[PDB]
Amino acid sequence: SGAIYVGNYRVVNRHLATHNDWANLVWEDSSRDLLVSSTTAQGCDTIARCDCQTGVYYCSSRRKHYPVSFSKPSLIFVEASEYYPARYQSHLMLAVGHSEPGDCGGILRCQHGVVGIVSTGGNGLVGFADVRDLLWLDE
Ligand SMILES: NC(=O)[C@H]1CCCN(C(=O)Nc2cccc3c2S(=O)(=O)CCC3)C1
Ligand SMILES: [Zn+2]
């Protein structure tokens, strides 16, 4: 679990979004596993605006942060679940690292701010949904 709070927005994995998230829906994209809902309280997370390929993510299944090198956002394949049919997923970045289902939502950050959130895992790889292109989160 986990979310990014920036301005009056809350960014979560679309597969983990709550009823309250869907009732205050701003935008969602099933192909990116992202959902953004509106909030009443002001958020203070800073979103990175960069092409960094190194950063640190939080891994709840180890209560630890790990430094990683990660790929550029791209279209990658993902197997089925109670949540999605087998399909690709866009704006996804992979890194070599530990992840488990409950790890989705963990933040990946670089020196510039928040880069994205854990969205996929398996086979010793972890995948992050990128949020750096969502320029409207800041306005
Ligand atoms: N973005 C997606 O389509 C997600 C939706 C939830 C299911 N998906 C996952 O990758 N889950 C997940 C997350 C992190 C680590 C692991 C897993 S697992 O594949 O369920 C088992 C291996 C460890 C795809
Ligand atoms: Zn950066």
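All residue numbers given for chain A refer to Swiss-Prot; the residues shown span 869-1007 in order.
Going by what the header records, the deposited coordinates were determined by X-ray crystallography, 1.3 Å.
Using the three backbone atoms N, Cα and C, a Cβ is placed for every residue, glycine included.
Under the heading active site, for protease 2A activity, Swiss-Prot lists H883, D901, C972, citing similarity to another entry as support. The Zn(2+) 1 binding site annotation in Swiss-Prot covers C918, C920, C978, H980 and is backed by similarity to another entry.
Positions of the features from Swiss-Prot, shown on the structure.
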residue	record	contacts (Cβ under 8 Å, 6+ apart)
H883	active site, for protease 2A activity	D901, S949, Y951, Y952, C972
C918	Zn(2+) 1 binding site	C978, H980, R1000
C920	Zn(2+) 1 binding site	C978, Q979, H980, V983
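Ligand 2 lies within reach of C918, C920, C978, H980 from the recorded positions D901, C918, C920, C978, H980, judged by a C-beta closer than 6 angstroms to any of its atoms.
Only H883, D901, of the recorded positions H883, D901, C918, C920, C978, place a Cβ under 6 Å from an atom of ligand 1. DSSP assigns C978 (Zn(2+) 1 binding site) to a strand segment in the three-state reduction. Once Cβ contacts within 10 Å are tallied over all protein chains shown, the recorded positions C972, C978 are led by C972. Each of the recorded positions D901, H980 was scored by the number of other CB atoms within 10 A of its CB, and the lowest score belongs to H980.
The Zn(2+) 1 site is defined by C918, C920, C978, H980, and by the 8 Å test on Cβ atoms against their centroid, the other residues of the chain that qualify are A916, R917, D919, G923, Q979, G981, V983, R1000.
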